[PDB]
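Containing mmCIF, N, CA, C and O atoms: work26.cif.
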```cif
data_structure
loop_
_atom_site.label_atom_id
_atom_site.label_comp_id
_atom_site.auth_asym_id
_atom_site.auth_seq_id
_atom_site.Cartn_x
_atom_site.Cartn_y
_atom_site.Cartn_z
N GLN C 52 -3.75 51.20 14.42
CA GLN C 52 -3.05 52.47 14.53
C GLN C 52 -3.69 53.34 15.61
O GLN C 52 -4.87 53.21 15.91
N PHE C 53 -2.87 54.23 16.17
CA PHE C 53 -3.35 55.19 17.15
C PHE C 53 -4.23 56.24 16.47
O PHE C 53 -4.02 56.56 15.29
N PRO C 54 -5.21 56.80 17.18
CA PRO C 54 -6.05 57.84 16.56
C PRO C 54 -5.25 59.08 16.20
O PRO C 54 -4.23 59.39 16.82
N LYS C 55 -5.73 59.79 15.18
CA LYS C 55 -5.09 61.03 14.76
C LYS C 55 -5.22 62.09 15.85
O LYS C 55 -6.22 62.16 16.56
N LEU C 56 -4.19 62.92 15.97
CA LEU C 56 -4.22 64.02 16.93
C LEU C 56 -5.17 65.11 16.44
O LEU C 56 -5.13 65.50 15.27
N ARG C 57 -6.02 65.59 17.34
CA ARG C 57 -7.01 66.60 17.02
C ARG C 57 -6.96 67.71 18.06
O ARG C 57 -6.48 67.53 19.18
N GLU C 58 -7.48 68.88 17.68
CA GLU C 58 -7.52 70.01 18.59
C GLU C 58 -8.54 69.77 19.69
O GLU C 58 -9.68 69.38 19.42
N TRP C 59 -8.13 70.01 20.93
CA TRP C 59 -9.01 69.79 22.07
C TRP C 59 -10.21 70.72 22.00
O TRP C 59 -10.05 71.94 21.88
N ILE C 60 -11.41 70.14 22.10
CA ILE C 60 -12.64 70.90 21.87
C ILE C 60 -13.26 71.44 23.15
O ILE C 60 -14.18 72.27 23.07
N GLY C 61 -12.78 71.02 24.31
CA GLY C 61 -13.38 71.42 25.57
C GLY C 61 -13.40 70.28 26.57
O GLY C 61 -13.39 70.50 27.79
N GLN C 62 -13.43 69.05 26.06
CA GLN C 62 -13.42 67.86 26.91
C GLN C 62 -12.88 66.71 26.07
O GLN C 62 -13.43 66.41 25.01
N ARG C 63 -11.80 66.08 26.53
CA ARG C 63 -11.16 65.03 25.76
C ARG C 63 -12.04 63.80 25.67
O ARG C 63 -12.79 63.47 26.60
N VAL C 64 -11.95 63.11 24.54
CA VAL C 64 -12.82 61.98 24.21
C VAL C 64 -11.99 60.71 24.19
O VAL C 64 -10.90 60.68 23.60
N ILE C 65 -12.49 59.67 24.85
CA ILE C 65 -11.87 58.35 24.80
C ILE C 65 -12.22 57.70 23.46
O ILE C 65 -13.39 57.64 23.08
N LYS C 66 -11.20 57.22 22.76
CA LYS C 66 -11.37 56.48 21.52
C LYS C 66 -10.86 55.06 21.71
O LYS C 66 -10.42 54.67 22.79
N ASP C 67 -10.93 54.27 20.63
CA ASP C 67 -10.57 52.87 20.70
C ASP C 67 -9.87 52.46 19.41
O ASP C 67 -10.04 53.08 18.36
N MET C 68 -9.06 51.41 19.51
CA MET C 68 -8.37 50.84 18.36
C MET C 68 -9.19 49.70 17.77
O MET C 68 -10.11 49.18 18.40
N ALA C 69 -8.83 49.31 16.55
CA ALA C 69 -9.51 48.24 15.82
C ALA C 69 -8.48 47.18 15.46
O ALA C 69 -7.60 47.42 14.63
N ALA C 70 -8.60 46.01 16.08
CA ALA C 70 -7.75 44.87 15.79
C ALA C 70 -8.57 43.78 15.12
O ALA C 70 -9.74 43.57 15.46
N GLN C 71 -7.96 43.09 14.15
CA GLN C 71 -8.64 42.03 13.41
C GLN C 71 -7.69 40.85 13.25
O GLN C 71 -6.54 40.89 13.69
N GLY C 72 -8.18 39.79 12.62
CA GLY C 72 -7.40 38.59 12.43
C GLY C 72 -7.81 37.86 11.17
O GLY C 72 -8.72 38.28 10.45
N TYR C 73 -7.13 36.75 10.91
CA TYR C 73 -7.32 35.99 9.67
C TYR C 73 -6.83 34.57 9.90
O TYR C 73 -5.71 34.37 10.38
N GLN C 74 -7.67 33.59 9.56
CA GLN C 74 -7.37 32.19 9.79
C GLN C 74 -7.44 31.40 8.49
O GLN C 74 -8.26 31.70 7.61
N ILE C 75 -6.57 30.40 8.37
CA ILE C 75 -6.52 29.53 7.21
C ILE C 75 -6.34 28.10 7.68
O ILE C 75 -5.48 27.83 8.53
N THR C 76 -7.12 27.18 7.12
CA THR C 76 -7.07 25.77 7.49
C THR C 76 -6.26 24.98 6.47
O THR C 76 -6.32 25.27 5.27
N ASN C 77 -5.51 24.00 6.95
CA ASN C 77 -4.72 23.16 6.07
C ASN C 77 -5.62 22.32 5.18
O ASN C 77 -6.76 22.00 5.53
N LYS C 78 -5.10 21.96 4.01
CA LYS C 78 -5.80 21.10 3.07
C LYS C 78 -4.91 19.90 2.73
O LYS C 78 -3.68 20.01 2.73
N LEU C 79 -5.55 18.77 2.45
CA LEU C 79 -4.86 17.53 2.16
C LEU C 79 -4.99 17.21 0.67
O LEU C 79 -6.09 17.26 0.12
N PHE C 80 -3.87 16.88 0.04
CA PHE C 80 -3.81 16.63 -1.39
C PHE C 80 -3.24 15.24 -1.65
O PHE C 80 -2.54 14.66 -0.82
N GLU C 81 -3.55 14.71 -2.84
CA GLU C 81 -3.16 13.35 -3.19
C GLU C 81 -2.95 13.23 -4.69
O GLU C 81 -3.61 13.90 -5.48
N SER C 82 -2.02 12.35 -5.07
CA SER C 82 -1.80 12.00 -6.47
C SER C 82 -1.19 10.61 -6.53
O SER C 82 -0.18 10.36 -5.87
N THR C 83 -1.80 9.72 -7.30
CA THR C 83 -1.35 8.33 -7.34
C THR C 83 -1.62 7.74 -8.72
O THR C 83 -2.49 8.21 -9.46
N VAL C 84 -0.85 6.70 -9.05
CA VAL C 84 -0.99 5.98 -10.31
C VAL C 84 -0.78 4.50 -10.03
O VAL C 84 0.06 4.12 -9.20
N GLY C 85 -1.54 3.66 -10.72
CA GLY C 85 -1.45 2.21 -10.58
C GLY C 85 -0.94 1.58 -11.86
O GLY C 85 -1.34 1.97 -12.96
N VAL C 86 -0.04 0.60 -11.71
CA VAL C 86 0.56 -0.10 -12.84
C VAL C 86 0.60 -1.59 -12.53
O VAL C 86 0.89 -1.99 -11.39
N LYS C 87 0.30 -2.41 -13.53
CA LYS C 87 0.40 -3.85 -13.37
C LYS C 87 1.86 -4.25 -13.14
O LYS C 87 2.77 -3.72 -13.77
N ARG C 88 2.07 -5.19 -12.22
CA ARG C 88 3.43 -5.57 -11.86
C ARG C 88 4.15 -6.27 -13.00
O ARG C 88 5.37 -6.13 -13.13
N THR C 89 3.43 -7.02 -13.83
CA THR C 89 4.08 -7.74 -14.93
C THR C 89 4.74 -6.77 -15.90
O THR C 89 5.81 -7.07 -16.45
N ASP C 90 4.13 -5.61 -16.13
CA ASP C 90 4.74 -4.61 -17.00
C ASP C 90 6.09 -4.16 -16.46
O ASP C 90 7.06 -4.01 -17.21
N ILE C 91 6.17 -3.92 -15.15
CA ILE C 91 7.44 -3.54 -14.54
C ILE C 91 8.43 -4.69 -14.62
O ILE C 91 9.62 -4.49 -14.93
N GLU C 92 7.97 -5.91 -14.35
CA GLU C 92 8.85 -7.07 -14.47
C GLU C 92 9.32 -7.25 -15.90
O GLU C 92 10.50 -7.55 -16.14
N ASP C 93 8.43 -7.08 -16.87
CA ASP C 93 8.78 -7.13 -18.29
C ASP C 93 9.20 -5.76 -18.80
O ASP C 93 8.65 -5.24 -19.77
N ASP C 94 10.17 -5.15 -18.12
CA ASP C 94 10.63 -3.81 -18.46
C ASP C 94 12.12 -3.82 -18.79
O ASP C 94 12.87 -2.97 -18.29
N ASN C 95 12.55 -4.77 -19.61
CA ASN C 95 13.96 -4.82 -20.00
C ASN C 95 14.40 -3.52 -20.65
O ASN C 95 15.56 -3.12 -20.50
N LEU C 96 13.51 -2.86 -21.38
CA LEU C 96 13.87 -1.60 -22.04
C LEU C 96 14.20 -0.52 -21.02
O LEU C 96 15.18 0.22 -21.19
N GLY C 97 13.42 -0.41 -19.96
CA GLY C 97 13.57 0.64 -18.98
C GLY C 97 12.64 1.81 -19.16
O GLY C 97 12.99 2.93 -18.75
N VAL C 98 11.46 1.61 -19.75
CA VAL C 98 10.55 2.71 -20.00
C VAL C 98 10.01 3.28 -18.69
O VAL C 98 9.83 4.49 -18.55
N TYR C 99 9.76 2.41 -17.71
CA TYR C 99 9.12 2.81 -16.46
C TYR C 99 10.11 3.19 -15.37
O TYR C 99 9.70 3.45 -14.24
N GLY C 100 11.41 3.22 -15.68
CA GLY C 100 12.42 3.59 -14.71
C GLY C 100 12.30 4.99 -14.16
O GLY C 100 12.44 5.18 -12.95
N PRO C 101 12.04 6.00 -14.99
CA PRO C 101 11.94 7.38 -14.49
C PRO C 101 10.65 7.70 -13.75
O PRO C 101 10.36 8.88 -13.54
N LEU C 102 9.87 6.69 -13.36
CA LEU C 102 8.60 6.95 -12.67
C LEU C 102 8.82 7.70 -11.37
O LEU C 102 8.10 8.65 -11.05
N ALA D 2 -7.88 -48.11 36.15
CA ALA D 2 -9.09 -48.59 35.48
C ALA D 2 -10.23 -47.60 35.69
O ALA D 2 -10.08 -46.59 36.38
N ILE D 3 -11.38 -47.90 35.09
CA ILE D 3 -12.57 -47.06 35.21
C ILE D 3 -12.22 -45.65 34.72
O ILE D 3 -12.16 -44.70 35.51
N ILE D 4 -12.00 -45.52 33.42
CA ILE D 4 -11.59 -44.26 32.81
C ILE D 4 -12.79 -43.64 32.11
O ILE D 4 -13.52 -44.33 31.39
N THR D 5 -12.99 -42.34 32.31
CA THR D 5 -14.11 -41.65 31.70
C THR D 5 -13.91 -41.53 30.19
O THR D 5 -12.79 -41.61 29.70
N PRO D 6 -15.00 -41.34 29.44
CA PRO D 6 -14.85 -41.25 27.97
C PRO D 6 -13.91 -40.16 27.52
O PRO D 6 -13.20 -40.33 26.52
N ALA D 7 -13.87 -39.02 28.23
CA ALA D 7 -13.01 -37.92 27.81
C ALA D 7 -11.54 -38.33 27.85
O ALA D 7 -10.79 -38.03 26.91
N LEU D 8 -11.12 -39.01 28.91
CA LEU D 8 -9.73 -39.47 28.99
C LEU D 8 -9.43 -40.48 27.89
O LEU D 8 -8.37 -40.42 27.25
N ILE D 9 -10.34 -41.42 27.66
CA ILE D 9 -10.19 -42.35 26.54
C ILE D 9 -10.25 -41.59 25.22
O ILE D 9 -9.42 -41.80 24.32
N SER D 10 -11.22 -40.69 25.09
CA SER D 10 -11.31 -39.87 23.89
C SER D 10 -10.15 -38.89 23.79
O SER D 10 -9.75 -38.51 22.69
N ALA D 11 -9.60 -38.47 24.93
CA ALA D 11 -8.46 -37.57 24.92
C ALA D 11 -7.30 -38.20 24.16
O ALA D 11 -7.14 -39.42 24.13
N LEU D 12 -6.49 -37.35 23.54
CA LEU D 12 -5.44 -37.84 22.66
C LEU D 12 -4.30 -38.47 23.45
O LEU D 12 -3.20 -37.91 23.51
N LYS D 13 -4.56 -39.62 24.06
CA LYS D 13 -3.47 -40.46 24.54
C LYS D 13 -2.65 -41.02 23.39
O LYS D 13 -1.55 -41.54 23.62
N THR D 14 -3.15 -40.92 22.16
CA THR D 14 -2.56 -41.60 21.02
C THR D 14 -1.61 -40.67 20.26
O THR D 14 -1.69 -39.45 20.35
N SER D 15 -0.71 -41.30 19.51
CA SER D 15 0.25 -40.58 18.69
C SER D 15 -0.34 -40.31 17.31
O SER D 15 -1.19 -41.05 16.82
N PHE D 16 0.14 -39.24 16.69
CA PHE D 16 -0.31 -38.82 15.37
C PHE D 16 0.83 -39.05 14.38
O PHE D 16 1.92 -38.49 14.55
N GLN D 17 0.57 -39.86 13.37
CA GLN D 17 1.56 -40.20 12.36
C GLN D 17 1.34 -39.33 11.12
O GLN D 17 0.51 -38.42 11.11
N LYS D 18 2.12 -39.60 10.07
CA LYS D 18 1.98 -38.87 8.81
C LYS D 18 2.01 -39.80 7.60
O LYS D 18 2.16 -39.31 6.48
N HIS D 19 1.87 -41.11 7.80
CA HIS D 19 1.92 -42.05 6.68
C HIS D 19 0.78 -41.83 5.70
O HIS D 19 0.88 -42.24 4.54
N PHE D 20 -0.31 -41.20 6.16
CA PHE D 20 -1.42 -40.89 5.26
C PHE D 20 -1.00 -39.90 4.18
O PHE D 20 -1.38 -40.04 3.01
N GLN D 21 -0.22 -38.89 4.55
CA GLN D 21 0.17 -37.84 3.62
C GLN D 21 1.28 -38.32 2.70
O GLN D 21 2.17 -39.06 3.12
N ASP D 22 1.21 -37.89 1.44
CA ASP D 22 2.12 -38.26 0.35
C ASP D 22 1.78 -39.62 -0.24
O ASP D 22 2.48 -40.07 -1.16
N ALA D 23 0.74 -40.30 0.25
CA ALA D 23 0.38 -41.60 -0.31
C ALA D 23 -0.16 -41.45 -1.73
O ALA D 23 0.24 -42.19 -2.63
N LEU D 24 -1.07 -40.51 -1.94
CA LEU D 24 -1.64 -40.25 -3.26
C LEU D 24 -0.88 -39.18 -4.02
O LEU D 24 -1.43 -38.58 -4.95
N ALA D 25 0.38 -38.92 -3.65
CA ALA D 25 1.17 -37.91 -4.35
C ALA D 25 1.59 -38.44 -5.71
O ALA D 25 2.62 -39.10 -5.85
N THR D 26 0.78 -38.15 -6.73
CA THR D 26 1.09 -38.60 -8.08
C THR D 26 2.41 -37.99 -8.54
O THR D 26 2.67 -36.80 -8.33
N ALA D 27 3.24 -38.81 -9.17
CA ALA D 27 4.53 -38.32 -9.63
C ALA D 27 4.32 -37.30 -10.74
O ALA D 27 3.76 -37.65 -11.79
N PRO D 28 4.74 -36.05 -10.57
CA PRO D 28 4.57 -35.07 -11.65
C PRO D 28 5.61 -35.28 -12.74
O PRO D 28 6.33 -36.28 -12.73
N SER D 29 5.68 -34.35 -13.69
CA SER D 29 6.70 -34.33 -14.73
C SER D 29 6.47 -35.38 -15.81
O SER D 29 7.42 -35.75 -16.52
N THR D 30 5.24 -35.87 -15.96
CA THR D 30 4.93 -36.74 -17.08
C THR D 30 4.89 -35.98 -18.40
O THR D 30 4.95 -36.61 -19.47
N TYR D 31 4.80 -34.65 -18.36
CA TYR D 31 4.77 -33.85 -19.57
C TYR D 31 6.14 -33.70 -20.22
O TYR D 31 6.21 -33.30 -21.39
N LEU D 32 7.22 -34.00 -19.50
CA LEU D 32 8.55 -33.90 -20.10
C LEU D 32 8.73 -34.88 -21.25
O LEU D 32 9.57 -34.65 -22.12
N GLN D 33 7.95 -35.97 -21.28
CA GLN D 33 8.08 -36.93 -22.36
C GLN D 33 7.59 -36.35 -23.69
O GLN D 33 8.08 -36.74 -24.75
N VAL D 34 6.64 -35.42 -23.64
CA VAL D 34 6.07 -34.84 -24.85
C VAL D 34 6.42 -33.37 -25.03
O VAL D 34 6.14 -32.81 -26.10
N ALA D 35 7.01 -32.72 -24.02
CA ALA D 35 7.29 -31.29 -24.08
C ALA D 35 8.69 -31.01 -23.55
O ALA D 35 9.22 -31.76 -22.73
N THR D 36 9.26 -29.90 -24.01
CA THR D 36 10.55 -29.42 -23.55
C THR D 36 10.36 -28.09 -22.82
O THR D 36 9.53 -27.27 -23.21
N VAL D 37 11.13 -27.90 -21.75
CA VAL D 37 11.03 -26.69 -20.94
C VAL D 37 12.02 -25.66 -21.46
O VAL D 37 13.22 -25.94 -21.60
N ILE D 38 11.52 -24.46 -21.76
CA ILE D 38 12.33 -23.37 -22.29
C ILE D 38 12.13 -22.15 -21.41
O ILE D 38 11.01 -21.64 -21.30
N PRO D 39 13.16 -21.64 -20.74
CA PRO D 39 12.98 -20.42 -19.94
C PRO D 39 12.68 -19.22 -20.82
O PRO D 39 13.16 -19.11 -21.95
N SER D 40 11.86 -18.32 -20.28
CA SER D 40 11.46 -17.11 -21.00
C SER D 40 12.14 -15.87 -20.45
O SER D 40 12.81 -15.15 -21.20
N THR D 41 12.00 -15.59 -19.16
CA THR D 41 12.51 -14.35 -18.57
C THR D 41 12.00 -13.14 -19.35
O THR D 41 12.70 -12.14 -19.51
N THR D 42 10.76 -13.24 -19.84
CA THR D 42 10.29 -12.30 -20.85
C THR D 42 8.77 -12.32 -20.94
O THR D 42 8.13 -13.33 -20.63
N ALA D 43 8.21 -11.20 -21.38
CA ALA D 43 6.77 -11.12 -21.61
C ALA D 43 6.33 -12.09 -22.71
O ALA D 43 5.29 -12.75 -22.59
N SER D 44 7.10 -12.18 -23.79
CA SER D 44 6.82 -13.11 -24.87
C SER D 44 8.13 -13.66 -25.40
O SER D 44 9.22 -13.17 -25.07
N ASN D 45 8.03 -14.70 -26.24
CA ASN D 45 9.20 -15.31 -26.86
C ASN D 45 9.01 -15.35 -28.36
O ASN D 45 7.90 -15.57 -28.86
N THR D 46 10.10 -15.14 -29.09
CA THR D 46 10.11 -15.20 -30.54
C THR D 46 11.06 -16.31 -30.98
O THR D 46 12.23 -16.32 -30.57
N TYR D 47 10.56 -17.23 -31.80
CA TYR D 47 11.34 -18.35 -32.31
C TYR D 47 11.35 -18.28 -33.83
O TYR D 47 10.32 -18.48 -34.47
N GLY D 48 12.52 -17.99 -34.40
CA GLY D 48 12.67 -17.99 -35.84
C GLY D 48 13.97 -18.62 -36.30
O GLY D 48 15.05 -18.16 -35.93
N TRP D 49 13.87 -19.65 -37.13
CA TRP D 49 15.02 -20.42 -37.58
C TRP D 49 15.28 -20.18 -39.06
O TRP D 49 14.35 -19.95 -39.84
N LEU D 50 16.55 -20.25 -39.42
CA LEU D 50 16.94 -20.24 -40.82
C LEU D 50 16.66 -21.60 -41.46
O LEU D 50 16.79 -22.64 -40.81
N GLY D 51 16.27 -21.58 -42.73
CA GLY D 51 15.97 -22.79 -43.45
C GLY D 51 17.22 -23.56 -43.85
O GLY D 51 18.35 -23.21 -43.50
#
```

Any chance you could give the structure as structure tokens?
Amino acid sequence: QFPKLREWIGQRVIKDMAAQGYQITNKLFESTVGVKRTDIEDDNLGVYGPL
Amino acid sequence: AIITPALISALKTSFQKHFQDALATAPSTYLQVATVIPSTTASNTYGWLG
């Protein structure tokens, strides 16, 4: 923001602004499950279908 | 004439296959004592009425 306006005291003063920043790094995520193939092959019921 | 060992050792000769399948024992001797039943299944259940 610009500095607030003030009454001139006799000699004007140079002021400065304040700028900042913010950084965020990506993160890597994982989720996995292992199942024996014979169970899927022997899945006539269909229990593992909604996996 | 006057051929070096490499040329003589080199495969001027043909390669046959009569060696293979000579000791191929005939399988399926178990059919005389066993019957083949398809499963298509994790397990099989056999139950007969008396």

Taking the file as shown, what set of residues would the PyMOL selection byres ((chain C and name CA) within 12 of (chain D and name CA)) give back, as an MDAnalysis selection string? chainID C and resid 88:96

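Running DSSP on the backbone gives helix (DSSP H, G or I) for these residues within chain D: residues 6, 7, 8, 9, 10, 30, 31, 32 and 33 of chain D.
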
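Straight-line separation from atom CA of residue 23 of chain D to atom CA of residue 37 of chain D: 27.6 Å.
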
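Across the model, the gap from atom O of residue 67 of chain C to atom N of residue 54 of chain C is 6.2 Å.
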
Could you work out an axis-aligned box for segment 94-98 of chain C, taking every atom the file lists and adding 4 Å on each side, and report centre and edge lengths in Å to one decimal, as AutoDock Vina command-line options?
```
--center_x 12.7 --center_y -0.3 --center_z -20.1 --size_x 13.7 --size_y 17.6 --size_z 11.9
```

Length of the atom CA of residue 47 of chain D to atom CA of residue 30 of chain D vector [Å]: 24.7 Å
